[PDB]
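K.L.:
Quick one: the structure is below, and I'll ask about it shortly.
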Amino acid sequence: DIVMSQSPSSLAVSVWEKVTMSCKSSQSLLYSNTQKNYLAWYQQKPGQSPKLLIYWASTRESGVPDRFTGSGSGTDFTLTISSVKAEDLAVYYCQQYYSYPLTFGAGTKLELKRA
Amino acid sequence: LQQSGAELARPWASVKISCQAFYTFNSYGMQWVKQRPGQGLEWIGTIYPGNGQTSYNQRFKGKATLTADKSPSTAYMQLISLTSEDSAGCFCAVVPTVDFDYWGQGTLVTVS
Amino acid sequence: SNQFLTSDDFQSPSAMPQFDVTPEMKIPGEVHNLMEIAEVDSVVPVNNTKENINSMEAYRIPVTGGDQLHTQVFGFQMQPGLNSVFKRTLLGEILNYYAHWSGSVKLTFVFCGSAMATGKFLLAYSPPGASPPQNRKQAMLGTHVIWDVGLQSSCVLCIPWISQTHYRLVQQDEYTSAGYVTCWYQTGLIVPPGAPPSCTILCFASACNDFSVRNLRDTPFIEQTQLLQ
Amino acid sequence: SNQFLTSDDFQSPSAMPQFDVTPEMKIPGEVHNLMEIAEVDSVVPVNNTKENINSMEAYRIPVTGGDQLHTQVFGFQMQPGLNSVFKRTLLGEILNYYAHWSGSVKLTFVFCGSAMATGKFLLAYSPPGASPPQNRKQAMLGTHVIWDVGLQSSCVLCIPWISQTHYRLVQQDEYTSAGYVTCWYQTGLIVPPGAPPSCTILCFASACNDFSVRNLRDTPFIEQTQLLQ
Amino acid sequence: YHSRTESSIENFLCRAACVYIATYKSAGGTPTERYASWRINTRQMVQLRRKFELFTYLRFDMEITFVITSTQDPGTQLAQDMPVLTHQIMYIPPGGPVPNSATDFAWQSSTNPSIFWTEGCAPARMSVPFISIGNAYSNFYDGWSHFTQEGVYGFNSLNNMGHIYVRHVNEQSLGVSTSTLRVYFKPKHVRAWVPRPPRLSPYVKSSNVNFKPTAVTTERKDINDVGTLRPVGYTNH
Amino acid sequence: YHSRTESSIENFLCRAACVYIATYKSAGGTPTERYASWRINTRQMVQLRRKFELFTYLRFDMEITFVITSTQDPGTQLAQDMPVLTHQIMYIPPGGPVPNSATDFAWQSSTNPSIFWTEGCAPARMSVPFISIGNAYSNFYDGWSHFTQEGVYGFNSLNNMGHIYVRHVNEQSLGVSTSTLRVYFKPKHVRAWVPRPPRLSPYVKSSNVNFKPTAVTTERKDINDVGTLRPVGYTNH
Amino acid sequence: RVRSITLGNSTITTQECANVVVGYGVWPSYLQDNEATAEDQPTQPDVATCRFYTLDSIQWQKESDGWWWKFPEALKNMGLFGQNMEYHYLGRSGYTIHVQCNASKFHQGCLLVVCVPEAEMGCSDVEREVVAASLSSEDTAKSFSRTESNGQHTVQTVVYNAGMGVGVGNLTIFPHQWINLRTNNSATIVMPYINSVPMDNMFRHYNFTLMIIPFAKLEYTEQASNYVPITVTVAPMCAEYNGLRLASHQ
């Protein structure tokens, strides 16, 4: 089994603050045929079904801002959130395409901090 | 994209969940994920129609059965011996070996 | 021409003509080919865990006794002269002197237990374009032998030569194109009262008669460059 | 001498003696002479009007159906490897690699119409020191065949080798000293009700057995000079 | 009846051709212009590339010849009495130690065959046999480098012939001597299979078969137009 | 069925190798840098030492080749018109007169074979036969030099091949000419006995077999860990 | 004269007596002893793989440009031969592509049916590379185009350069046949195994490409059915493998 760690498990942040979040793999999800990391990033809105954020651990999807960007290689990754807005308060789960038991990560809960 | 409507089941019994895919079932299998609100997402298994393979996570071997036919073009998952631990939202997703892509909705299993 | 090729055989004038060489005598153990050094068995360091490489524990494959019956004993990628398991044995020290290689590898597993012990191991071999077996049921449907250690003490396992081309590069690494040799518990290890429950396997690798090398070069192991003193 | 002719065959010392070459295997399709590539038919771009060269319409000779009965179908100057019609086919790509050439050219015209269509064409050939025919009556008194497309679908037309000297320069242009192959309507194109009235001819040019080249050089087609990147 | 020996495969693909001209100095500065380097590939030179790409599979030995002419650099601290220049040309066999720069151990490696040549005499020559795991070289490869159809579309194939590295052997302190290498590559004992059509479009890069859509042939006046009919004279009328 | 001629003892131990690079001047000062000297031993170069130490007993002729390139030294009182440099390379047979410095009688001794070589042509070559009282050379000697087990643990053995001394023959007064010698040693007709295991530990000095305790082999992830299992694709799944 | 061909206990194809093209002059055969480098025996599946795999029919319309299939990917899902491409490592096979059309006597047109060994293809964008999804589908044809393709990772599918940067009239160099609807109806080419190695992995490598290009376009009057079905039928020959394992890829 390949397990996916997430740190921090959750963090509360205000508006316009660049946040990140690491997702470290117990095995390097990078194969030497195409050199394309097998990692997926997912946003599960509060009380909603999750949607795609970053596939191949490097590429964006449509209707997704530059405050969601994959970054890393090997067995350690992170998702830079540059300019946070009022649509990022949710739980985010990373995932790997490599080992057939497709386990997801712990799950970072990006929390919203008000006045 | 489609999933079964909310249904009420009884413990120590089975449930059949359906999934509807507009895309043809070829070169890419149908994902099945069980969501725990307290914890995270958990993979159940995938049935790959393009080569016809059927596989499950060790945790769900003996619990989940995955079956996809050709002419109906709907993917099904059956669970048995249901207990309160099986109450959860179950999602079906696609995989073209390129990404897990999207899932969609899903009936909240409610064992009661 | 009027050049100097360093790889050019030419006779030269003798600096000391008129000198009689000491008549050569019969010394036993003459070597004519480097492949005769590679066709001897050498003990294979299978148990390299980084805490055994500086001891003798990196030669002994531990077979514990009790209730496992579905787990693995060992397993390695079958690529001589490149694998951490094979690159320091006699076969893989000669292969590092050459750039191409071709031939079979012969493995031999010796059960170093007591004569009162009995068990069964499943010795599976997977082909070059194939995944390592994950349980004993997957390894059974592949290419396997059943080594019953109560009947035999050694299990000779010769490995075929499968490649698209004639020779094969030694330093070049082609993942999932070499083959895997794994071993699985079948029954366990049954001992009477008085016999030790845990035991030891040793592995011995060599070449075969169809073995050949080509394109000599320098060994990767020696890094020193400046002359000694 | 102590010079270096670039066109001088000499053995050299092998940089890697003591290396065994991979044994050659039987691959089908071995070529021993460049003339075997020229003796295959290639589709001739006869309809180059500058609006068809960037399409497939520069391979199809249009034979419209109706009331002409005295006009021309096509016509070109018969000089392979120099004519815009012939210099890009397989025969005229090999001729551009050489400065001299000698031999016959074999043309083949395939009528790509329906099996219900019927007509007659006059395929005239004029000698090297002769003017192109201007009407069908002038072409009849020369060297002609009558190709009745209801009976045959292909008309093989081999062209003789006439020159004062032994070989012939490829890039040198000698106007009115090559020959012309023209084609004239004889009857028209008669179709039943249900068949399409207009049709298509394709031409195929190759070499013959008496073909030869000499004085190899560089092809005029490749203009790039500096190395790639 | 004529002779066809001029258009055999040996007589068409065996001519020496200058495929690489580089220069290399003999004194310090940046550690790049002190040596020369050429990966042996028949794709950088278009004229020879088109002749080799009339065939799918080729098999040949190499006959490489090096024309090295040096000169004295201008400026102060001149060469003055320079005794004689010796040059090392090293053939790194495929998968062999490759020099990062000058005065490296790769130069003194026994594995890489080398020629020591002194200026003023006949040029240096070496012959390399058919060096491949496969049974031929391939000008084309409709396929991929990894088994998963991943990587580059036909570039990591077993069509590697090696490299050639040239440097000055001398330790020249005062004065700089700039030499210019000319590589005259020539195939010997060529055997060629599966004839292919000659290329129409021009090349773009020496790793691909990429092209821009070009016309089948040149413009002509009309569907049936012969050129320059002889003007009326006293014979042609 | 392939060929095994690439891994014979002649083809494995007979390659030329640069074993010694020294320099020697041509004008006065200290009486040490005016000549070069090399005691012929196959232990100073580790790469060749490891190949010879796969065997206990060896027997071969020598084929030594000298690549001498000179240069003009900077400073005042330059060489200007230097006519041609001649060099004497002397092989002192084991137990033969050895030069203390330049312009010594040892150089003019008839007993020590010498080569007079003029610059600008092919390098100087000499061949030395098997010179030993014994019937082979020994890479190893588990024993002592004196009969009383006294002295050094295997260094005064009859494995002496001699020395090589090189100097300028010219009497050059104005200007200095610094030459650099390269020795390309090569064994011929090698016969080898008692194969030994290849060495694991690195060498410390060329008089011993002394070593530091090194691991049998490299680190691995675990007792049964294969590397980089193929990630799920459309064939491997 | 309407002789039936039965190949295996599943297949029947009806065909008249016409002309064949045999490769570069050789018939497909089994590997002998002095031709291979692998360390094992081939164990050819002659008892199960030699049959006719009739692919889906394409419609030759008036404005069509051409079609190509890459092999051996063209039989990736076709039965047991697709299973042998999964559960093996090396493979070696010749083929007998049989192409035939069903036209009336009131149709006209001409096809060129080529088998191009190592038909490596250039991309529609220079300074870029193709993907595997644009080279070939698994069982359906890939269409040439009259105009210029302009994608990022696609193939230059213009028809007169044949995807390889050559003249389309010079593709007659490779094994070929002309289907001229006036006289000919069918075309059958027997391709051997051509490679530089005796056995290759038949997932990454494309051995050859079968191109079908119309040189004279299809014409018909108003009564006629406005297409001609072209039916391709591939039968493998002397297929032999090595390296029994699971389906590691796909």
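Each chain of the structure tokens is named A, B, ... in the order shown, its residues numbered from 1; ligands are numbered from 1 in display order.
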Contacts from chain C to chain E, 9 Å maximum, only C-alpha atoms: show me the residue list as a list in words.
P.N.:
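For chain C, the answer reads residues 1, 2, 3, 4, 5, 6, 7, 99, 100, 129, 164, 165, 166, 167, 168, 169, 171, 172, 174, 177, 215, 216, 217, 218 and 225 of chain C.
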K.L.:
Hey, which bits of chain G sit within 7 Å of chain E, and for each residue what's the closest pair of atoms and how far apart in Å (one decimal), counting only C-alpha atoms, rows by chain and increasing number, as CSV?
P.N.:
```
residue,atom,partner,partner_atom,distance
G:118,CA,E:142,CA,5.0
G:119,CA,E:142,CA,5.9
G:120,CA,E:142,CA,4.4
G:121,CA,E:209,CA,6.6
G:122,CA,E:210,CA,4.2
G:123,CA,E:210,CA,5.7
G:126,CA,E:210,CA,6.1
G:161,CA,E:213,CA,6.8
G:165,CA,E:201,CA,5.5
G:166,CA,E:199,CA,4.8
G:167,CA,E:216,CA,5.9
G:170,CA,E:197,CA,5.8
G:171,CA,E:197,CA,6.7
G:173,CA,E:196,CA,6.6
G:196,CA,E:135,CA,5.4
G:197,CA,E:134,CA,5.5
G:203,CA,E:147,CA,6.9
G:204,CA,E:149,CA,4.8
G:205,CA,E:143,CA,4.1
G:206,CA,E:142,CA,5.3
G:249,CA,E:148,CA,6.8
```
K.L.:
With N, CA, C and O atoms kept, could you save the residues just selected as a PDB file, in the first residue's frame?
P.N.:
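For reference, result-v3.pdb as written:
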```pdb
ATOM      1  N   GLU G 118       7.726   1.166 -41.512  1.00  0.00           N
ATOM      2  CA  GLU G 118       8.258   2.260 -40.694  1.00  0.00           C
ATOM      3  C   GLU G 118       7.810   3.621 -41.217  1.00  0.00           C
ATOM      4  O   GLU G 118       8.612   4.485 -41.562  1.00  0.00           O
ATOM      5  N   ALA G 119       6.492   3.799 -41.267  1.00  0.00           N
ATOM      6  CA  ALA G 119       5.909   5.054 -41.727  1.00  0.00           C
ATOM      7  C   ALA G 119       5.847   6.032 -40.557  1.00  0.00           C
ATOM      8  O   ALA G 119       4.793   6.315 -39.990  1.00  0.00           O
ATOM      9  N   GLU G 120       7.017   6.544 -40.195  1.00  0.00           N
ATOM     10  CA  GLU G 120       7.090   7.565 -39.163  1.00  0.00           C
ATOM     11  C   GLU G 120       6.511   8.866 -39.693  1.00  0.00           C
ATOM     12  O   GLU G 120       6.768   9.257 -40.833  1.00  0.00           O
ATOM     13  N   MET G 121       5.718   9.537 -38.869  1.00  0.00           N
ATOM     14  CA  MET G 121       4.905  10.654 -39.323  1.00  0.00           C
ATOM     15  C   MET G 121       5.286  11.933 -38.597  1.00  0.00           C
ATOM     16  O   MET G 121       5.597  11.915 -37.403  1.00  0.00           O
ATOM     17  N   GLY G 122       5.260  13.044 -39.329  1.00  0.00           N
ATOM     18  CA  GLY G 122       5.582  14.326 -38.755  1.00  0.00           C
ATOM     19  C   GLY G 122       4.371  15.008 -38.163  1.00  0.00           C
ATOM     20  O   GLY G 122       3.236  14.625 -38.420  1.00  0.00           O
ATOM     21  N   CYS G 123       4.624  16.033 -37.361  1.00  0.00           N
ATOM     22  CA  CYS G 123       3.557  16.700 -36.637  1.00  0.00           C
ATOM     23  C   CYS G 123       3.032  17.891 -37.425  1.00  0.00           C
ATOM     24  O   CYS G 123       3.705  18.438 -38.298  1.00  0.00           O
ATOM     25  N   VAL G 126       5.408  22.453 -36.382  1.00  0.00           N
ATOM     26  CA  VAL G 126       6.849  22.303 -36.258  1.00  0.00           C
ATOM     27  C   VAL G 126       7.294  22.792 -34.885  1.00  0.00           C
ATOM     28  O   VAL G 126       6.586  23.550 -34.207  1.00  0.00           O
ATOM     29  N   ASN G 161       1.171  14.899 -49.288  1.00  0.00           N
ATOM     30  CA  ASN G 161       2.463  14.646 -48.677  1.00  0.00           C
ATOM     31  C   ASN G 161       2.472  13.386 -47.832  1.00  0.00           C
ATOM     32  O   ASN G 161       3.513  13.057 -47.259  1.00  0.00           O
ATOM     33  N   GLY G 165       6.059  13.649 -45.556  1.00  0.00           N
ATOM     34  CA  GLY G 165       6.856  14.679 -46.190  1.00  0.00           C
ATOM     35  C   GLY G 165       7.390  14.322 -47.552  1.00  0.00           C
ATOM     36  O   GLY G 165       8.425  14.855 -47.953  1.00  0.00           O
ATOM     37  N   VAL G 166       6.717  13.431 -48.277  1.00  0.00           N
ATOM     38  CA  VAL G 166       7.191  12.904 -49.550  1.00  0.00           C
ATOM     39  C   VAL G 166       6.159  13.225 -50.620  1.00  0.00           C
ATOM     40  O   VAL G 166       5.158  13.883 -50.343  1.00  0.00           O
ATOM     41  N   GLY G 167       6.400  12.792 -51.853  1.00  0.00           N
ATOM     42  CA  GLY G 167       5.366  12.867 -52.869  1.00  0.00           C
ATOM     43  C   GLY G 167       4.453  11.658 -52.790  1.00  0.00           C
ATOM     44  O   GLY G 167       4.905  10.523 -52.645  1.00  0.00           O
ATOM     45  N   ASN G 170       4.825   8.729 -55.140  1.00  0.00           N
ATOM     46  CA  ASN G 170       6.066   7.920 -55.035  1.00  0.00           C
ATOM     47  C   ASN G 170       5.896   6.836 -53.982  1.00  0.00           C
ATOM     48  O   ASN G 170       6.863   6.127 -53.730  1.00  0.00           O
ATOM     49  N   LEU G 171       4.690   6.675 -53.445  1.00  0.00           N
ATOM     50  CA  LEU G 171       4.414   5.653 -52.406  1.00  0.00           C
ATOM     51  C   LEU G 171       4.305   4.317 -53.122  1.00  0.00           C
ATOM     52  O   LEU G 171       4.117   3.304 -52.457  1.00  0.00           O
ATOM     53  N   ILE G 173       6.622   2.899 -54.376  1.00  0.00           N
ATOM     54  CA  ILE G 173       7.915   2.210 -54.080  1.00  0.00           C
ATOM     55  C   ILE G 173       7.670   1.019 -53.146  1.00  0.00           C
ATOM     56  O   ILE G 173       8.311  -0.015 -53.365  1.00  0.00           O
ATOM     57  N   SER G 196      14.616  -4.453 -37.734  1.00  0.00           N
ATOM     58  CA  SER G 196      16.057  -4.592 -37.591  1.00  0.00           C
ATOM     59  C   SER G 196      16.436  -5.537 -36.465  1.00  0.00           C
ATOM     60  O   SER G 196      17.619  -5.855 -36.314  1.00  0.00           O
ATOM     61  N   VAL G 197      15.466  -5.982 -35.680  1.00  0.00           N
ATOM     62  CA  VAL G 197      15.659  -6.989 -34.640  1.00  0.00           C
ATOM     63  C   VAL G 197      14.747  -8.157 -34.983  1.00  0.00           C
ATOM     64  O   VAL G 197      13.763  -7.986 -35.720  1.00  0.00           O
ATOM     65  N   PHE G 203       3.687  -3.131 -28.589  1.00  0.00           N
ATOM     66  CA  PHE G 203       2.915  -2.011 -28.058  1.00  0.00           C
ATOM     67  C   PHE G 203       3.510  -0.670 -28.430  1.00  0.00           C
ATOM     68  O   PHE G 203       2.775   0.255 -28.776  1.00  0.00           O
ATOM     69  N   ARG G 204       4.829  -0.543 -28.354  1.00  0.00           N
ATOM     70  CA  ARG G 204       5.502   0.708 -28.658  1.00  0.00           C
ATOM     71  C   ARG G 204       5.779   0.857 -30.145  1.00  0.00           C
ATOM     72  O   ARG G 204       5.618   1.946 -30.696  1.00  0.00           O
ATOM     73  N   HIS G 205       6.146  -0.226 -30.815  1.00  0.00           N
ATOM     74  CA  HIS G 205       6.579  -0.172 -32.200  1.00  0.00           C
ATOM     75  C   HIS G 205       5.400  -0.366 -33.138  1.00  0.00           C
ATOM     76  O   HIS G 205       4.543  -1.222 -32.913  1.00  0.00           O
ATOM     77  N   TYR G 206       5.358   0.444 -34.192  1.00  0.00           N
ATOM     78  CA  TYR G 206       4.412   0.283 -35.288  1.00  0.00           C
ATOM     79  C   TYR G 206       5.176  -0.309 -36.462  1.00  0.00           C
ATOM     80  O   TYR G 206       6.061   0.343 -37.020  1.00  0.00           O
ATOM     81  N   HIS G 249       1.015  -3.884 -19.515  1.00  0.00           N
ATOM     82  CA  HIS G 249       0.601  -2.591 -20.122  1.00  0.00           C
ATOM     83  C   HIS G 249      -0.826  -2.717 -20.662  1.00  0.00           C
ATOM     84  O   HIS G 249      -1.087  -3.697 -21.386  1.00  0.00           O
TER      85      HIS G 249
END
```
K.L.:
Among chain A, which ones does DSSP place in strand (DSSP E), written as an NGL selection string?
P.N.:
:A and (4-7 or 10-13 or 22-25 or 39-44 or 51-55 or 59-60 or 69-73 or 76-80 or 90-96 or 108-112)
K.L.:
Using only C-alpha atoms and a distance of at most 12 Å, pull out the residues of chain F that contact chain A, as a tab-separated table (two decimals) with N, CA, C and O atoms, in the first residue's frame.
P.N.:
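Generated file (out-v8.tsv):
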```
chain	number	residue	atom	x	y	z
F	221	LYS	N	16.79	-1.00	-0.64
F	221	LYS	CA	15.65	-0.59	0.21
F	221	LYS	C	15.32	-1.63	1.27
F	221	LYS	O	15.24	-1.23	2.43
F	227	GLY	N	12.77	-2.64	-7.76
F	227	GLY	CA	12.68	-1.17	-7.88
F	227	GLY	C	11.68	-0.63	-8.91
F	227	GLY	O	11.52	-1.25	-9.96
F	228	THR	N	11.04	0.49	-8.58
F	228	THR	CA	10.16	1.28	-9.48
F	228	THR	C	9.11	0.43	-10.20
F	228	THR	O	9.20	0.34	-11.42
F	229	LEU	N	8.17	-0.19	-9.49
F	229	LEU	CA	7.16	-1.01	-10.21
F	229	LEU	C	6.41	-0.12	-11.20
F	229	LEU	O	6.00	0.98	-10.80
F	230	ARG	N	6.15	-0.62	-12.41
F	230	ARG	CA	5.54	0.21	-13.49
F	230	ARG	C	4.20	0.77	-13.02
F	230	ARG	O	3.32	0.01	-12.67
F	231	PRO	N	3.99	2.09	-13.15
F	231	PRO	CA	2.75	2.72	-12.70
F	231	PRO	C	1.63	2.29	-13.65
F	231	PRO	O	1.93	2.19	-14.80
F	232	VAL	N	0.40	2.12	-13.17
F	232	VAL	CA	-0.72	1.65	-14.03
F	232	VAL	C	-0.85	2.46	-15.32
F	232	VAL	O	-1.13	3.66	-15.25
F	233	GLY	N	-0.67	1.78	-16.45
F	233	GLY	CA	-0.84	2.29	-17.83
F	233	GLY	C	-1.93	1.52	-18.55
F	233	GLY	O	-2.65	0.79	-17.88
F	236	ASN	N	0.07	-2.39	-18.84
F	236	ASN	CA	0.60	-2.91	-17.56
F	236	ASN	C	-0.52	-2.94	-16.52
F	236	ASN	O	-0.47	-3.81	-15.64
F	237	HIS	N	-1.47	-2.00	-16.60
F	237	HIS	CA	-2.60	-1.92	-15.65
F	237	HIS	C	-2.10	-2.00	-14.21
F	237	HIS	O	-1.15	-1.26	-13.87
```
K.L.:
Using only C-alpha atoms and a distance of at most 7 Å, pull out the residues of chain A that contact chain B, as a list in words.
P.N.:
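Taking only C-alpha atoms into account, residues 49, 51, 52, 55, 101, 102, 103, 104, 106 and 107 of chain A sit within 7 Å of chain B.
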